Every structure is written in C-alpha cells, then in structure tokens.
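Residue numbers (full-length UniProt numbering), protein chains in the order written: chain H, 2 to 349; chain A, 2 to 349. Input: a single structure, listed below in structure tokens.
Protein chains: 2
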Amino acid sequence: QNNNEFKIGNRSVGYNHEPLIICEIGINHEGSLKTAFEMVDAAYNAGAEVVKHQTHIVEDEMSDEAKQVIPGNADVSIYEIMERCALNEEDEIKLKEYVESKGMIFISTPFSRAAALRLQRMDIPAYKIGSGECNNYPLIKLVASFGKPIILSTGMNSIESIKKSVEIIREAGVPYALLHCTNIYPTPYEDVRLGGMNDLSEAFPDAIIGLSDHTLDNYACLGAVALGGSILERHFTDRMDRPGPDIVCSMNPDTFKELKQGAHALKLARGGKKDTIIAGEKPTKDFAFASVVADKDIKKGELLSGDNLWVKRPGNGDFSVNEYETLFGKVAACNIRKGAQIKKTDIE
Amino acid sequence: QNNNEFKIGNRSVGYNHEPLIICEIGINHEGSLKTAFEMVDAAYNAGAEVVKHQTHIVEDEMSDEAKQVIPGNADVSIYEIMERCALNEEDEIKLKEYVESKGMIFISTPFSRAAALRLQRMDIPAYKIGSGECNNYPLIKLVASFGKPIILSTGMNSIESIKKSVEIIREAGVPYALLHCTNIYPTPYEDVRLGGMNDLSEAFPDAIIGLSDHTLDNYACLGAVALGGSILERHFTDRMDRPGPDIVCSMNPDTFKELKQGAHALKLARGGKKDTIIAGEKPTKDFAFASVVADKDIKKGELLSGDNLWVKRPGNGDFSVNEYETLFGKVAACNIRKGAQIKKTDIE
C-alpha cells in the first residue's frame with residue numbers, strides 16, 4: 002500500500018513493519034493504582050509492547066454541564082465516572098515508571114489542556130487523541146506543539162472535519178497516524194465499516210493507518226491488518242470479571258495473544274501482486290499443467306486436427322496445452338500412437 | 002465493492018451475500034467410499050453448505066509420463082496417488098446422492114474431459130476448475146459448454162493467462178468466480194499475497210471473487226473476507242489424524258465452525274464508507290465534543306480573546322469548539338464567570 006513510517010520510542014510503526022497492538026488500559030483500573038499495576042503486569046506477561054492510559058483532569062476537561070450528561074455505556078454522569086476513575090499526577094507518574102520498568106512503552110490520551118501539559122512534563126514519546134477530541138482543534142494545536150508523533154482517532158468525524166486536524170498536525174511537522182474508529186460501546190459488527198480505512202488513506206496519503214476498536218472480539222482488528230492496518234487499539238484488562246464500563250469490549254491476556262498471532266500472519270499474508278512468480282509452485286506446475294497428446298492413432302502423412310489431438314498431464318511434453326491449436330493442420334512425420342505426447346519430430 | 006452474483010443451486014453467491022465455504026474433501030477419502038461418507042457426515046454436522054469432490058479418471062487425465070513425476074507434497078508418482086485415491090463412476094454417483102441426502106450441495110473439480118462428461122451426466126449445479134487446469138483452454142471450453150456456473154482457481158497463472166480463460170467463459174455466457182490461490186502444500190503465510198484478489202477484481206469487473214487456500218489455518222481466509230471475498234475454499238477432513246497428502250492443510254469440524262463464525266463477522270464489518278453517520282454514536286458525540294467556555298472572569302464590555310476563552314466537554318454549549326475562533330473580538334454583553342459556557346446572550 003505505502004511506505005509511511007515513524008517511531009514511537011524505539012518502535013517503528015507502519016505498513017512495512019509488524020503491526021502494533023496498543024493495550025488501552027484507559028479507566029479500567031477504576032482509579033486504583035494497585036489495579037493498574039496488576040493490569041500492566043498482565044499486559045507485560047502477555048507480550049504487550051505498548052500500554053495506553055487516559056489522562057483525566059476533570060476540572061480542565063469538563064464544565065459543570067458534564068455533571069448532568071450520562072454516557073451510552075454508563076448509568077451516572079461522565080463527570081462522576083471521571084472523578085472516580087482518574088489518577089492524580091503523582092499516581093500517573095508512578096504508572097508510567099512501572100510500565101517502563103516492565104520494558105514497555107507508555108503513552109496516554111489527554112482529554113484537556115491540563116492533561117496535555119502534564120504528559121509533556123512526563124515527556125511521553127507519542128500522543129493519542131481520542132475520537133472526542135478529533136475536532137478539538139485548540140487541543141490538537143497544543144499537543145502538536147509538543148513535537149511528538151500523534152495517533153489520531155477519527156470516529157464521529159467526517160473526512161472534511163479530519164482535514165482541519167491533519168492540517169494542524171502537518172503544520173507543526175510531526176508524523177501522525179489515523180485510526181478508523183466507531184465510538185459505540187460495544188460496537189456491532191455492522192457498524193465497523195472497515196472500508197473507512199481506505200477512505201482515510203486515500204484522503205491522507207502521508208498518514209499511517211490503523212483501527213481503534215470497540216467490538217466484542219478480534220475479528221474487526223484482524224480484518225484491519227488484512228486491509229493494511231499498522232496500529233490496532235483495543236481496551237485491555239487482566240481479567241474479564243472486573244467492573245467498569247469498558248471492560249466488556251476489552252481484550253485479556255489470552256485474546257491479546259490471539260490478536261498478536263493473527264496480526265503477524267496477516268501482516269505476512271497481506272498485499273502483494275497476483276502475477277508474482279512463486280518458486281514454491283514450480284513442482285506443481287510441472288505435474289499439473291497439460292501437454293498435447295494424440296487422441297487417436299495417426300498414420301504417417303495424416304493431418305493433425307482437433308479430432309485426433311487432446312491434452313493431458315503432466316507438463317513435460319514438447320507442446321503445451323497453450324499451443325494446442327497451432328498443431329492443427331501439421332503433417333504427421335511418423336506414425337503416432339494414441340495417448341503419446343506429440344513430439345517436435347512427429348510433425349513435418 | 003460490487004454487486005456481481007450468481008446461484009449454485011439455491012445458494013446465492015457474491016459480495017452482497019453471506020460468504021460461502023466450500024468443503025473440499027478432494028482425495029482425502031483415500032479411495033474409500035466409507036471414509037468419504039464419514040467426512041460428509043462430519044461436514045454436515047458442522048453446518049457445511051457445500052461439499053466439493055475431485056473427479057479423477059486417470060487414463061483421460063494423464064499420459065504415461067505422469068507415472069514418472071512426483072508432486073511436491075508426496076513421495077510417489079501423481080499417477081499412483083490418483084489411481085489409489087480415485088472413485089469410480091458408481092461410487093462417485095453414490096457420493097453425490099449422499100451429500101444431497103444431507104441437504105448439502107455437491108460440486109466437483111474435473112481433471113479431464115472424461116471427468117467433465119461424467120459430471121455433466123450427473124448434472125452438478127456448478128463446476129470447479131483447479132489451478133492446474135486454469136490454462137487448459139480445451140477443457141474450459143468443454144466445461145463452459147455445459148451451461149453451469151464455473152468457479153475458477155487462478156494459481157500458477159498470470160492475469161494475461163487468466164484472460165483467455167475468462168474470454169472462453171464469457172463466450173459461453175455462464176457466470177463465473179475467480180479464486181485467488183497459491184498451489185503450495187502447505188502455503189506459507191508470506192506467499193498468500195491477499196492483494197492478488199484486488200488484482201483479479203480490477204482486471205475482471207464481472208467476476209465473483211474469492212480465495213482457494215492451502216495454508217495451515219483460517220487467517221488467510223478471514224483476511225480474504227475482510228477484502229471482499231465471497232467464496233472460501235479449504236480442504237476438509239473429519240479428523241486431523243487421517244493419512245493423505247492434503248490432510249494437514251485441511252479444516253476439521255471445529256476449525257470450519259470458526260471460519261464460518263469469523264466470515265460472518267467480517268461480512269458484516271467489511272466495506273462501507275468513513276463518512277457514514279452512525280446513529281449509535283450520537284450519545285457519545287453529545288458528551289465527548291467540546292464547547293467554548295470562559296477561561297477567566299470577563300467583565301462586561303471586555304473583548305473575547307484566545308486568552309480568556311477555552312473549550313471543554315460536554316457538547317451542549319451555544320458555541321462548539323468549531324466556532325472557537327469566531328468569538329475572538331466579540332464584546333461581553335454581560336459579566337461572564339470563569340468556567341461558564343459562552344452563551345449567545347453573552348456577546349453583543
């Protein structure tokens with residue numbers, strides 16, 4: 002598809018690279034650093050490369066109006082959820098240290114100006130912008146000014162809307178990814194629209210492309226690798242019996258390992274060209290292709306015809322099935338036995 | 002992608018239809034009708050819709066030269082394998098009756114003129130042509146003359162080669178499918194080249210597109226659904242401990258059920274357009290989009306600026322984050338409290 006690439010720390014990302022799975026722990030820790038550490042342990046032990054957090058500073062993120070609005074996958078106000086779930090600066094700094102102490106890359110999604118400045122103080126190697134802030138052009142400008150790569154979710158937004166965000170990003174001169182995304186928790190298969198990935202890469206030829214996913218399993222993400230996706234994001238939990246509005250669409254260690262294995266196969270299998278000559282197929286061609294044979298006894302001097310000629314495996318005859326019709330009307334130079342391959346010396 | 006369709010018996014096939022999995026029992030029965038019936042039972046009980054056989058009449062299929070050539074996935078001559086494995090006319094007619102007695106569609110691949118005439122006598126509803134006969138234009142002409150749809154594998158052949166086959170097919174006026182395929186047993190992931198499917202549909206806009214597969218698992222086939230594949234073919238066996246050169250790349254009842262479930266999800270998830278407005282996302286937009294707020298106390302009469310304005314969730318303010326800059330320079334009509342959403346009545 003393309004050769005766009007950039008680095009998140011030491012990890013190269015892009016079409017010619019192994020797909021990257023982002024383990025979005027998000028608010029799954031329910032505000033408990035202990036729980037967050039257990040989930041980081043589970044992610045490390047499953048082989049995860051990247052852990053993503055969400056950086057919530059409720060006062061800079063929401064006006065009082067947020068205390069009256071309820072999200073789709075919850076039964077209380079968004080302000081209550083974020084107040085209950087948010088880690089303070091001290092705890093989030095400990096979370097970054099812990100993730101990196103396990104050899105993994107820590108990134109996070111800022112939901113406010115204050116969160117973005119905190120992540121800059123911590124010097125994270127790349128920024129995620131959630132689909133809710135895809136059209137928050139003031140916030141994107143700030144984050145782009147940090148000089149780090151940006152991974153931008155694009156749910157709830159048109160290509161025309163996304164263009165303004167990409168413009169801001171290009172102007173700051175940082176590389177970026179676009180994650181196709183549908184922000185319904187959970188997302189029904191029929192609303193995934195994997196074709197949206199092609200729409201994004203077609204509109205934005207310099208973007209790394211991936212999928213942020215909220216379905217109940219790995220199928221959408223595996224199809225996105227098949228379509229050329231380079232970054233896959235699903236929520237992550239150490240076990241499925243945890244409480245939380247995002248747990249149910251999360252992967253756990255087992256299903257993370259499956260996605261990793263599926264994505265590696267699909268990275269290998271994807272792309273390429275129909276007409277590529279595959280050396281491993283040569284033995285098969287040699288026995289499976291047909292050659293021209295006599296369909297009857299043909300006397301010396303008789304004319305070769307569609308009536309005394311046919312074609313049979315294997316493919317080592319002097320004349321291939323491709324040349325069948327070119328023998329019509331040639332003259333038998335010898336007697337020719339029924340069933341014999343037609344030889345170059347069988348015709349004048 | 003497209004709206005091409007045709008019918009195999011009562012089963013509609015094509016991009017707007019459920020993907021069809023062809024259970025290729027092939028020569029997996031090792032010449033035993035009993036074994037073939039056990040494998041048909043296993044396919045029925047797993048929910049299979051179509052069972053494919055291979056119709057081998059060794060004398061019409063191979064000249065004596067085939068007694069000296071060995072295939073890649075075997076250790077004796079192709080002639081010996083086919084002689085040992087082939088069902089005679091009486092047994093194959095029983096196989097078709099049995100498949101249809103379980104409510105399934107029976108099709109088969111002819112490897113010779115004689116095999117094609119036998120399948121015509123049995124009146125099968127569609128013909129498969131294997132990748133070895135993709136360039137057997139005499140055989141394709143015969144099969145196309147039968148008036149039934151054709152499902153053509155395209156391994157070992159260029160687009161330019163396939164064009165001659167499609168020309169013959171179009172001339173007889175039967176609908177057809179093209180299965181991308183790599184004829185290595187088993188096929189390494191890296192040789193699948195799923196992009197070959199796009200090459201085929203681009204060159205042949207009227208074709209139904211699918212994949213014939215010989216890898217060790219379902220990943221290639223699942224990626225082919227994601228890419229728009231309508232027909233998926235893998236070898237099938239009732240259990241993996243059977244003998245046979247094709248067993249090891251076969252599905253069994255369990256892995257057939259997985260492919261069926263994956264393909265149904267990917268059929269739902271695939272295609273579509275980025276800019277489609279998704280009703281289920283509306284609640285999320287309402288709380289996640291930002292509105293313009295006062296970043297400071299602003300006295301009556303003061304000018305609105307980038308310095309006393311910012312943006313915060315949720316999205317029910319009078320001014321969206323989109324209109325942030327249009328408020329610059331407006332005049333405060335009332336005193337405005339820090340943190341308050343900017344109201345239409347807050348500006349002259």
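Quick reminder that beta carbons are idealized off the backbone N, C-alpha and C, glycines included.
Going by C-alpha distance, which of the options is nearest residue i?
i	options	result
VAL293 of chain A	H:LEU21, H:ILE26, H:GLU62	H:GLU62
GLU326 of chain H	H:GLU134, H:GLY307, H:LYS344	H:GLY307
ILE152 of chain A	A:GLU93, A:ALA44, A:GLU349, A:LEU212	A:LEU212
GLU25 of chain A	A:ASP239, A:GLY224, A:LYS53, A:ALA341	A:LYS53
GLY263 of chain A	A:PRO139, A:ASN219, A:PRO284, A:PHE290	A:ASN219
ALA266 of chain H	H:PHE320, H:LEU233, H:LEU223	H:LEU223
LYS300 of chain H	H:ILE348, H:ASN184, H:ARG171, H:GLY245	H:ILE348
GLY156 of chain A	A:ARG171, A:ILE170, A:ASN137, A:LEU143	A:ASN137
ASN29 of chain H	H:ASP255, H:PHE288, H:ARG240, H:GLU259	H:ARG240
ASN184 of chain A	H:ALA289, H:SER113, H:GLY273	H:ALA289
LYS339 of chain A	H:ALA47, H:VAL41, H:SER64	H:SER64
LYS149 of chain H	H:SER13, H:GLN121, H:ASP255	H:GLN121
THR188 of chain A	A:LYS313, A:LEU217, A:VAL100	A:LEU217
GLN2 of chain H	H:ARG271, H:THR285, H:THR110, H:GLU84	H:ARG271
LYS286 of chain H	H:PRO315, H:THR256, H:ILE248, H:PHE7	H:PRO315
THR277 of chain A	H:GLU161, H:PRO246, H:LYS258	H:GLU161
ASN309 of chain A	A:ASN323, A:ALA333, A:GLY318	A:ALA333
When DSSP labels each residue in this structure, what does residue i get in the three-state scheme?
i	result
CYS24 of chain A	strand
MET123 of chain H	helix
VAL41 of chain A	helix
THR36 of chain A	helix
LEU233 of chain H	strand
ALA116 of chain H	helix
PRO139 of chain A	helix
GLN69 of chain H	helix
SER321 of chain A	strand
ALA333 of chain H	strand
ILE299 of chain H	strand
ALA75 of chain A	coil
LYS95 of chain H	helix
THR327 of chain A	helix
residue 351 of chain A	Only positions 2 to 349 of chain A appear in the structure, and residue 351 of chain A is not among them; the question remains open.
For residue i, would you say it is in contact with chain A, using Cβ-to-Cβ distances shorter than 9 Å as the test?
i	result
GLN342 of chain H	yes
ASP65 of chain H	yes
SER159 of chain H	yes
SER13 of chain H	no
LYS313 of chain H	yes
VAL70 of chain H	yes
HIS54 of chain H	no
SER132 of chain H	yes
Taking the alpha helix (DSSP H) that residue i belongs to, which residues open and close that run?
i	result
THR256 of chain H	254-270
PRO284 of chain A	283-289
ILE163 of chain H	160-173
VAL52 of chain A	Element bounds for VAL52 of chain A: not the alpha helix (DSSP H) but the beta strand (DSSP E), 51-56.
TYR80 of chain A	79-86
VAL193 of chain A	Element bounds for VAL193 of chain A: n/a, residue is neither H nor E.
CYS222 of chain A	220-227
Could you tell me the boundaries of the beta strand (DSSP E) in which residue i lies?
i	result
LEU179 of chain H	177-181
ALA295 of chain A	292-295
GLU203 of chain A	Run containing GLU203 of chain A: none in the beta strand (DSSP E); it sits in the alpha helix (DSSP H), 197-204.
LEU153 of chain H	151-154
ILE9 of chain H	6-9
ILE106 of chain A	106-111
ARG12 of chain H	12-15
Is there a Cβ from chain H that is less than 9 Å from the Cβ of residue i?
i	result
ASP319 of chain A	no
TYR177 of chain A	no
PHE147 of chain A	no
residue 1 of chain A	Past the boundaries of the shown model lies residue 1 of chain A; chain A is included only from 2 to 349, so the question cannot be answered.
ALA117 of chain A	no
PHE290 of chain A	yes
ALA227 of chain A	yes
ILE9 of chain A	no
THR238 of chain A	no
Would you list the residues sitting across from residue i in a DSSP beta bridge?
i	result
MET63 of chain A	H:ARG314
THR346 of chain H	Paired residues: none, contrary to the question.
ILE130 of chain H	H:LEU153
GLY211 of chain H	H:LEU180, H:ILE232
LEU304 of chain A	A:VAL332
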